[PDB]
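Below, chains carry the letters A, B, ... as their sequence lines are ordered, and counting in each starts from 1.
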Amino acid sequence: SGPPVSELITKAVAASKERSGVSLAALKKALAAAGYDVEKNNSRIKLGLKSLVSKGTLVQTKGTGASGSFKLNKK
Amino acid sequence: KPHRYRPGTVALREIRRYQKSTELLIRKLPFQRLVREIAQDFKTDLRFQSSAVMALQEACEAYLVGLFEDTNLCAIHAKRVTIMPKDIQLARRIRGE
Amino acid sequence: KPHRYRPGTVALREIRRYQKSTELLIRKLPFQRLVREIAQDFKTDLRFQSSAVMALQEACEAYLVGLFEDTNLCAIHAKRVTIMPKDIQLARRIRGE
Amino acid sequence: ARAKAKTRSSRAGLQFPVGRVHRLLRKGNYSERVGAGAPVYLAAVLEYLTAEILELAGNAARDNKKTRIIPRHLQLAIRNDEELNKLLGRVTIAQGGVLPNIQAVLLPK
Amino acid sequence: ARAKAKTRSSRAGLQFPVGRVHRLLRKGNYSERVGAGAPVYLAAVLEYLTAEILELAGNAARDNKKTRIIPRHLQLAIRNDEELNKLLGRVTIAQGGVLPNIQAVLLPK
Amino acid sequence: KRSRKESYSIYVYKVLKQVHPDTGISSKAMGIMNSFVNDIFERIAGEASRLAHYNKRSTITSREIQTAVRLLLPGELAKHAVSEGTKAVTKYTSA
Amino acid sequence: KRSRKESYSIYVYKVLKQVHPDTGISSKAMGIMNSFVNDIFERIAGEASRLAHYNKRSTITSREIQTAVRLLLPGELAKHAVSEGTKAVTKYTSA
Amino acid sequence: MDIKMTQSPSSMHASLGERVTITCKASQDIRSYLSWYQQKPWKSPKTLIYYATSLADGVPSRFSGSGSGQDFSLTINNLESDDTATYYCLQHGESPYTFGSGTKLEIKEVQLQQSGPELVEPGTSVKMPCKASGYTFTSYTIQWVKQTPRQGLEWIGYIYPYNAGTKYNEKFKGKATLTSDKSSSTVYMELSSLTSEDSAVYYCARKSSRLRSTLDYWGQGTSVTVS
Amino acid sequence: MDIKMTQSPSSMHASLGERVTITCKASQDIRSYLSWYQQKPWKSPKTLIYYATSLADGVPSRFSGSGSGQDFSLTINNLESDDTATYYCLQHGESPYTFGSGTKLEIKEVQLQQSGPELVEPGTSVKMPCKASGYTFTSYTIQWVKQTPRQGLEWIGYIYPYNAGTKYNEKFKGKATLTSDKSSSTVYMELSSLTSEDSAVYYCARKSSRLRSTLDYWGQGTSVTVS
Amino acid sequence: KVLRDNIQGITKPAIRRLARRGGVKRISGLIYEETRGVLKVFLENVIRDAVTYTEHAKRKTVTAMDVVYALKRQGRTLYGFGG
Amino acid sequence: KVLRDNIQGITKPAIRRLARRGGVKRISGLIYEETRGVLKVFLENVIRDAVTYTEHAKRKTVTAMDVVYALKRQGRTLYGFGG
DNA sequence: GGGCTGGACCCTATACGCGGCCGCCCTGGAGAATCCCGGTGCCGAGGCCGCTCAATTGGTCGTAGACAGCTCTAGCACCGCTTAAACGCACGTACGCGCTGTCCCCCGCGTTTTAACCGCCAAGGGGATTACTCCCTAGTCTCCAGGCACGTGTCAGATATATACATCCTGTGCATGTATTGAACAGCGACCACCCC
DNA sequence: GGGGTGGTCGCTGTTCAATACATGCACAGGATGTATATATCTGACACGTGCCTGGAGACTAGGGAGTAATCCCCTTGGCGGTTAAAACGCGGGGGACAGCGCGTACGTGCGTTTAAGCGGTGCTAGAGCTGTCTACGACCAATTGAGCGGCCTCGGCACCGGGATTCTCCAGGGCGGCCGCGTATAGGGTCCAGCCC
């Protein structure tokens, strides 16, 4: 079962914190490496990223929607 | 709610229809008028055999069908499905026309 | 650090060079050897005139140059700049080869 | 006392007219002279090609459950054979239509 | 006893050989008979085309600061012209090279 | 009546009756077959004429026809046409 | 001892000295020009022959040559070749 | 309604140098589309005669064939050591091609590459490749033939690489499936629902699309064995 | 070094029906590449003779051309009221084309759609379009000619749309620039750094790539005025 | 008596049917004008040669044989209208 | 005497030069084998026709005229070799 | 008399602006490449020379086609009527294309290998030329039968309608992952009771 | 006996669990379009007949090609130096490509309009067929000069080395925007003074 995808997304974005945030492809790779079936949950990940953006927990660097790179909030 | 096929289904069924049949697709009498206009742009008061106009129409439709085949291949090469004038121009230029 | 041109500058210089020049680009002796190899499959004990091999070489190079021009057109059509085997295949098929 | 007139087609075992082929070669302005065996060879080749196309077209007609060969059947026979298609690559068959062929990328998922 | 020979090219005002063209037409298996004006007309057409191509090739040679026309100059003259390129579209010229042409998308910026 | 217009229709029909006894042919298909026969005749005769001209020969022979067939017809089609022509020529020569 | 071989070289050279008096020509260019003259001769002669056959005429005339020129040469080439041929035939008829 | 092909002599003993004839009777009119094949033991058959009278390329003039309509014969004049083999007639005048029972005679470059033996348990599936070389791949159909000591040779079906066209023997519909690969010039045969009955040697054979053309070159054969 | 054309009769007076001869001399040998033009007041010039002897299309046999080398002549045999116009010889045997001074005579479907008149101020620039129809656009050059009331006709340059090749008179380099658009069959001429001296009527003219062809069809002419 | 705009008689549905026989599934809006131009060029090229043959034969009627010869010359041999 | 694997004599830099004359800027690594195959097919066709002409002439030497005739009949007329 | 509230003051919290730092563009400098120019030798153009064979002059014979006359076919025009196709509009979905990010595939540049090129000599196979000569093919007259045009009849199939199956689209029901709210537990505060001084 | 502290109980807040909701996937049913089947009836294919012209039969006449001899050219073959090119490897830049998101262009469907198709009639322009006669072209013999092979020689150009200019790439200096901290400001807490209970 495991935790909701939001927890894994936050862990992946906090895993290395490049000067510019993690990209969608890189975070999917991180989720796959940690262990997740990214193949059948792409919509779940995209909606999770959109949710975390709307709550303000994450900030979007360049792209829009699921595109671009994502880094953690100000604090 | 009225029935409605999704885009491309009727297109594919039309493709299967017209690739099965052999009749001419362009209207006979408008094509004849076009032929006569072009001809009078070369020599006035020309007359045409019915079979001559029929041969011209057969040749024109065969040429257009083959050109659309080449255009479709070019469009698919561009990873598209819609044929475009740039695809037609590429096909014609490669054909050496 | 030593001088180093960026990718594509020397490619453009070579394009200009070889479009300006007219000499044959394939090596004479291996092309002759290939011609004799291919001919051996059709008839044994054949001899070749030097001018016959030269005519074959001019024809082959001209054919290849024209095919590469069509391949470049196809690549640009696909919005790429790298020619690919699918580009060659498209050019050949549209040529009717 | 002339012997009963045979025909050169019958002598060669052919159906196509050797005499007519020879006349066409003579009057076609192909050469000053025409050999005796040339129209026989040419009639044999023409008959062979005609027999091959008519055979394939008749098979196609039978597959379409038709007893009469039509230009559609000639077109199918020619285009479904690589060698005949190469021979007639630049030829347009009237009322022949086209082979049914849809690109795989266009079909639905 | 006999009038001094006057050539048919000279009568027509042509440089190309009317008599040679007539003989080639007679021996080329083109027809049973050849009219008197046919070789004159054909020689005039051939001379016109030759003069046109040599004129353009000489202009190209002058642009290169060369005195002698070479196959490169012939290729340049033919390919730089709509009508000559249309006439000779399927012709390969030995040692002619190709026109300088780079697609704009390949250029920098 | 009108001037006689010779065509290959009867010979094509005899060949059809040899290859498929029970099937017939439409007039349009017969016209297409006539066009085919005329086109192939013109191709072979023109190639043989070119060969004779190249070799400074005034006579078109079965050798010229055979070489023209090999040049024009592809592969197995050419091989079978050559076999048919050779068999016919030998039978004709043997009366 | 060698065998005489005919070529258009001297006539091409005369025309070259008319159009560019001070310009010469190389052997390769002369060979290409000979090939060109032969090719165009063959094309025009073949088209005129086919015209004569189509019209059941046994004679190739300057009218057949004119029609063949119109068929083969595009646009202005055809117009000027027809003008040159007509001028030459008119001069020859009176000379 | 399949045309059964009847070879009269099922076996023949002959001395050297003497003449031998083999007779074939067709159930129905095949209209001169008959071929003759020579198969030495544990090797693939080589074609001898096609169109019922025509020598195959490279075949010596000692072999000869005749006949038309329904009755055909094969003849060998100068019997030499290598002539001891099994001779099969093949008719291809109708869509299901049929081989003869086979006459065992005993006396006193186009390359088709085919895979090696296969051992498979029942119910599983096997895929035999056919790498063709030495000729233009698309111009010739590839034909598949199954040989069993109990049932002899059977024509399974063919693939036309030019347009991927298929035809199958009704006995092998579903059981056999044919595919091609223009890029690698390779043909594959797929068998589904394997059974002990499928333990046989499978030959790929090349045949031109010309109707009088016969099976000219054969693969070495894949000996599939079902446990 | 530009070849100078010298029309000896500047003005001629003649009644109806009689004959008028106009002659031209060349500084260098132009080798029969001379043409004659008729220009009505405020009308575009129409061609009469090309290759110094050939009548232009639709021109009556009243007009006769003569001469070769350096001496040329134009002859009109049966004068009409319509013949009152100004006639110019044009040489095109060398890269800078040259028109004659002009001769005034007084007696007692290819379309080149050129734009309307333009008013402009110095220093700025104008771009003059040429829309061509009724023929294969790429097979013919478009020639541009400038006509002042003081300097007569002057050849500016041409663009050849098949390869976009251009040639300019040295007097007009930089001042003029030519572009073509195949999709619209349109040719544009841009004048840079306009000056009151640039106040003239500019004509677009079609000319085939054939060397004996002349400027045959002309646009109606766009006058450009600089304050 | 005159005819001025008849290429528009090659209607959009007719071009669509031609494309469907050609295997085209989706068609841009400019294909129709582009195809009309291409067809007009092809017809001009063929008809010019046909009229040239007619004028040589001194006939005032363009015949099926004239069309066949024009097509054969342009490398587009047509079967079914000879004889 | 026997020549066995000579297609590889059409080296990669030679193919690059041919592409450069053809105006090609960037070349995928798979181009070279495809080009060699295409060249081999073209050579096979032309040489087969040339050898047919040579055999008809009963000669053992393939001549430039034989090559020129083969090229012409394949629609690839070549000027400059005695045509 | 005490507590509550209001006024004055001080402490903490918040909002905006400025300098420092990261990213960007423009101009100058260095070097490599392409050109360009003058010198030099070398071999191909092009000019002359003599011979021979094919082009010209002249003449004969006949026939291909220009022309004129007549027939009668089919192409052109026109008109009414039916109805199928084109057209124009609405509307919605999926496809083109623009953007972002990743990764790895050619490109450019050295050093090492190799085999191509070129000059050289030597050998002989076969191409080309010439001569003889005879087998085959063109040209011609006669004769008859194979093929083409006309005519007629009838069966394969085109068209129509009725039914059948395969496919296409969507509605709904189930599964599942997530968000919200309610309940339960624990911690803190308040009140009472007990212990200590 | 009074005050302080601790203990217990009640209330509130937090956390956890349960329930309801949003999202997506799979299956079923209905609509519809193509397909499959006879029935019908019109006409196109196929067969008979007769006539005539083109193919067959027999002969003449000669010449085209096959066949043999000879020469000598030009193709093949081995050899050995000289580099120029091919090959191999390596660092890295930029280009292919995959994923996503948005807008609108194109597909589907329906009502209205248009004109295509048919069929039927009338007319004449011109295709095409025949007969005459003759201008023009094929064929042969004599003549000769234009064109081809040979020889030569000398000038255009290929090659080369040395400057020149232009282009291409990187580095250094001036500039803009964003973020963290500093400064000013405002709000809340607090202490004293006055008023009310």
Does anything in residues 83-91 of chain G get under 4.5 Å of chain E by heavy atoms, and if so which residues? G/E84, G/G85, G/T86, G/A88, G/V89, G/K91
Between E/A57 and E/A77 the two heavy atoms that sit nearest each other are N-CB, 3.7 Å
Rounded to the nearest 0.5 Å, what separates atom CD1 in G/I65 from atom CD in G/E47? 10.0 Å
Portion of G/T61 that has a non-hydrogen atom of chain E nearer than 4.5 angstrom: backbone
Pair count under 4.5 Å, heavy atoms only, with chain E: among G/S49, G/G24, G/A81, highest is G/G24
Which portion of G/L72 sits near chain E, non-hydrogen atoms under 4.5 angstrom: backbone
Which atoms of E/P39 approach chain G - backbone, side chain, both or neither, heavy atom under 4.5 Å: neither
Which answer fits G/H53, side chain, backbone, both or neither, if we ask what part of it has an atom under 4.5 Å from a heavy atom of chain E? neither
Of all the heavy-atom pairs spanning E/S9 and E/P17, show the shortest one and how long it is. OG-CA, 3.4 Å
Chain E contact via G/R50 - which portion, at a heavy-atom distance below 4.5 Å: neither
Contact leader toward chain E among G/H80, G/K14, G/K28, where contacts are heavy-atom pairs under 4.5 Å: G/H80
Which residues in residues 41-52 of chain E have a heavy atom less than 4.5 Å from any heavy atom of chain G? E/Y41, E/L42, E/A44, E/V45, E/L46, E/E47, E/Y48, E/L49, E/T50, E/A51
With a 4.5 angstrom heavy-atom cut-off, is it the side chain or the backbone of G/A45 that approaches chain E, or both, or neither? both
Can you tell me how far the CD1 atom of E/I69 sits from the CE atom of G/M30, to the nearest 0.5 Å? 9.0 Å
Smallest separation among heavy atoms of E/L54 and G/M33, with atom names: CG-CE, 3.9 Å
Quick one, E/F16 and G/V15 - any side-chain contact, counting heavy atoms below 4.5 Å? yes
G/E76/G/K79 salt bridge by N-O under 4.0 Å criterion: yes
OG of G/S27 to CD1 of G/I32: how many Å apart, nearest 0.5 Å? 11.0 Å
Crowded around E/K86 NZ? As in, over 12 foreign heavy atoms under 6.0 Å? no
In terms of heavy-atom proximity below 4.5 Å to chain E, should G/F36 be classed as side chain, backbone, both, or neither? side chain
Spacing of CD belonging to E/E32 relative to OG1 belonging to G/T59, to within rounding of 0.5 Å: 7.5 Å
Winner by heavy-atom pair count (cut-off under 4.5 Å) against chain G, out of E/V18, E/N29, E/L74: E/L74
Taking atom CG of E/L76 and atom CG of E/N59, what is their separation to the nearest 0.5 Å? 12.0 Å
Stepwise, does the side-chain contact (heavy atoms from CB on, under 4.5 Å) test hold for G/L51 with G/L71? CA-CA 11 Å; G/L51 282 166; G/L71 290 164; 4.2 Å; yes
Kindly indicate whether the side chain of E/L14, heavy atoms from C-beta on, has any atom under 4.5 Å from the side chain of G/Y92. no
Contact part of E/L84 toward chain G, heavy-atom cut-off under 4.5 Å: side chain, backbone, both or neither? both
Could you give all pairs that pass the side chain to side chain donor-acceptor pair (under 3.5 Å) test and reach residues 14-24 of chain E, with sequence neighbours left out? E/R8-E/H22, E/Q15-G/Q18, E/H22-E/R26, E/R23-G/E6
Please determine, among G/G31, G/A48, G/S58, the option with the most heavy-atom pairs under 4.5 Å with chain E. G/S58
Below 3.5 Å, can you tabulate the donor-acceptor pairs from side chains in residues 91-109 of chain E to any protein atom, sequence neighbours excluded?
none

State the CG-CZ distance between G/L16 and E/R68, to the nearest 0.5 angstrom. 12.0 Å
Between G/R63, G/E42, G/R43, G/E64, who has the most heavy-atom pairs with chain E when the cutoff is under 4.5 Å? G/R43
Toward chain E, the part of G/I25 with a non-hydrogen atom under 4.5 Å: both
Can a side-chain donor-acceptor contact be found between G/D22 and E/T67 if the only test is distance below 3.5 angstrom? no
Under a 4.5 Å heavy-atom cutoff, which of G/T23, G/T93, G/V69 has the most pairs with chain E? G/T23
